[PDB]
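Structure, as structure tokens:
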Amino acid sequence: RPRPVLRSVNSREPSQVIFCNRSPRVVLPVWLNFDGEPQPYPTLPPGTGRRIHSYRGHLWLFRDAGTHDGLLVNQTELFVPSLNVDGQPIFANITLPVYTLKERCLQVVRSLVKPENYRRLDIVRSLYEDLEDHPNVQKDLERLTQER
Amino acid sequence: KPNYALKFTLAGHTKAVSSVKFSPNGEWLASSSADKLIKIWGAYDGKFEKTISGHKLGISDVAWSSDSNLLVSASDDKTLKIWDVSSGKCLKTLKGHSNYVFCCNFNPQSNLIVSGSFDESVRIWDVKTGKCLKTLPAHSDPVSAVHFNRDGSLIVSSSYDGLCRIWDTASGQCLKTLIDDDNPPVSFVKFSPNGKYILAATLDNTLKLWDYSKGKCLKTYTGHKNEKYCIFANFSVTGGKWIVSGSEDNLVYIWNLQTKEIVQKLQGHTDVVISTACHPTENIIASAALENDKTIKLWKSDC
Amino acid sequence: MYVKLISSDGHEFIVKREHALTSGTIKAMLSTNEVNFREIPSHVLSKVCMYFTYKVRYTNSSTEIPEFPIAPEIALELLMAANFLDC
Amino acid sequence: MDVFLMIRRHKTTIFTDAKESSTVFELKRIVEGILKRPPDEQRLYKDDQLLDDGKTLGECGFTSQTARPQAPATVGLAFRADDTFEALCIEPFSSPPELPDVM
Ligand SMILES: Cc1ncsc1-c1ccc(CNC(=O)[C@@H]2C[C@@H](O)CN2C(=O)[C@@H](NC(=O)CCCCCCCCCC(=O)NCCN2CCN(Cc3cccc(-c4ccc(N5CCN(C)CC5)c(NC(=O)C5=C(C(F)(F)F)CC(=O)N=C5)c4)c3)CC2)C(C)(C)C)cc1
Ligand code: NA
């Protein structure tokens, strides 16, 4: 069975959005083009927000810009602008997920250890593999596809 | 049906070739390229004549004055340049656009230049002084093509906003817009030689021939591939009456204007054929291709 | 209701049952309301309990969520514990 | 304004939450539910300072900013039976090993 390509619908209907970075990370906005390919956009420092122009039915994801850890937007993975009403921008509130303790530990250990050095750590092999399985937008694309 | 065959390949440029234009006197072919250069070639034998340099970034388009003495170039460096072809001198640098200049054309009198830019404006320039006379910003996305009509009283522009706009040259006011049921980006537009129609390309693999007096689409040409690049199309009227266009499958497509049937596909280029030109008096087509190719080809036909 | 989680060095950590059941391992070990860990030491288990509180407080809360801080000196053992506890 | 706490005595640590407006006495009632000693047999401390039963947690220094779910503030606990008062005594946690070379 053909699996749906998560992609922006090319509606050519403008939508103004506030990208609100309510996280402590440097945020990389990621726009899925009409072919479903991720495109990185300019980054947002923690504690900042920007008014930006997008379009109805376009698809956005948000990651840590340095580590590509996945982030949430309006409490979910994907942000899709709709039509503005009454001249009001659409807020895209970008926040930290509540990571599992294990994933948060992996994040910190990865931030401390060069990948080449992971297997010097005195831990079991499955934790090596966990450390080596870096965050990846494509993982979320695959999961959100298998959910639809 | 015509029988265009390859005669010459001109391999002078070191990057994508953006535009080829025959001089109105039929003697020369001008080519512009992402390598920041204009080159002049013999129209009939493809013999290199000269290199014209001055732009600081790649060149998107060139156009000849009616007397074949002047060229105008449109550049990524946000300027146009007016050149004396015999000397290779930059006569004027037209400044005013605030982003890449993609397209340019003289009017038939050749006292005006029209330009179109990523900055979403169409500009009208005085050839004598180089001053910008009017800025027309109604388009809401990059302008892909600009062309004057037979007496210079109209300008037609095409834009990624999906519109063709017909402008009154004297006042600057937009006299008409042209659009079908859908709004794909319009990648190319030009008035027919005869003046009655407008040929417009859209990034849905489609060329359309419009009666712009009646706002009616008369013909539609497909079979080629055109979804990404702004490909220049042409009327061929020296023999039979054909529509000519490049294609993203590296071919030159030739259609019968009335039947809309593909009558030829010219193979040889190894990248997107972004530009085609038709010789003013003889059955000669020039074509030019992007970065994997970098060459110009000249093709000739008995009809 | 509360449960008592006992570290390898004998520290007792009394936490709400709902917080402890964040870990399917702890749930399996509860099946007394006390769990004795044979290897996880107190400095790690106290951090795990703080994670439980943070997780329950901020999960599906629609608010700005702060980072869960982990010092480098504790990170590797905390990783080992989080893996074992599956939390 | 919520505050998140560790109430600590000997080798026992209770994780609980309260409010800046909660009184020390309320905290003792929470403790009583768990350890089964009444508030009049409890003394609560912030560092070496005995806390007055009627002061609110905010008046003692426990704010939402310094008493977070992920970094709770510590309240010390000591018991009392009639005329015998147990001194405040909190056993420290273990210590992490030397940070590995690759970190
Ligand atoms: C703050 C900030 N902080 C955190 S984040 C954030 C933020 C910042 C900014 C924004 C802006 N907002 C968005 O970006 C939104 C966000 C999201 O919602 C999507 N989106 C959009 O705006 C999108 N737009 C829309 O959704 C509605 C309108 C989009 C139009 C539909 C496009 C149809 C698909 C076609 C396609 O796939 N194209 C891809 C490849 N092209 C290649 C050319 N690119 C550049 C370009 C764009 C436009 C025109 C021309 C053009 C046109 C004509 C010519 N020439 C004409 C004359 N010929 C003779 C020659 C060619 C040339 N020129 C050339 O091509 C050229 C050369 C050559 F010809 F050789 F190639 C050589 C050379 O030296 N120089 C130039 C160029 C060229 C564009 C992409 C999009 C713009 C990202 C697409 C948002 C946030
Ligand atoms: Na990280």
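A, B, ... follow the sequence lines: proteins, then strands. Residue 1 opens every chain.
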Is it the backbone or the side chain of [X] that comes under 4.5 Å from a heavy atom of chain C, or both, or neither?
X	answer
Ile7(D)	neither
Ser95(D)	backbone
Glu91(D)	both

Top contributor to chain D interface from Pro41(C), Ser46(C), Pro69(C) [non-hydrogen pairs under 4.5 Å]: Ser46(C)
Is it true that the side chains of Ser21(D) and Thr56(D) contain a donor and an acceptor less than 3.5 Å apart? no
Do the charged groups of [X] and [Y] touch, with an N to O distance under 4.0 Å?
X	Y	answer
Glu86(D)	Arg9(D)	yes
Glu26(D)	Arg29(D)	no
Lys16(C)	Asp17(D)	yes

Whether over 12 other heavy atoms sit under 6.0 Å from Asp86(C) CG: no
Ranked by heavy-atom pairs below 4.5 Å to chain C, first place among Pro97(D), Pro72(D), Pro96(D) goes to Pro96(D)
Residue part contacting chain D, namely of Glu73(C), when any heavy atom lies under 4.5 Å: both
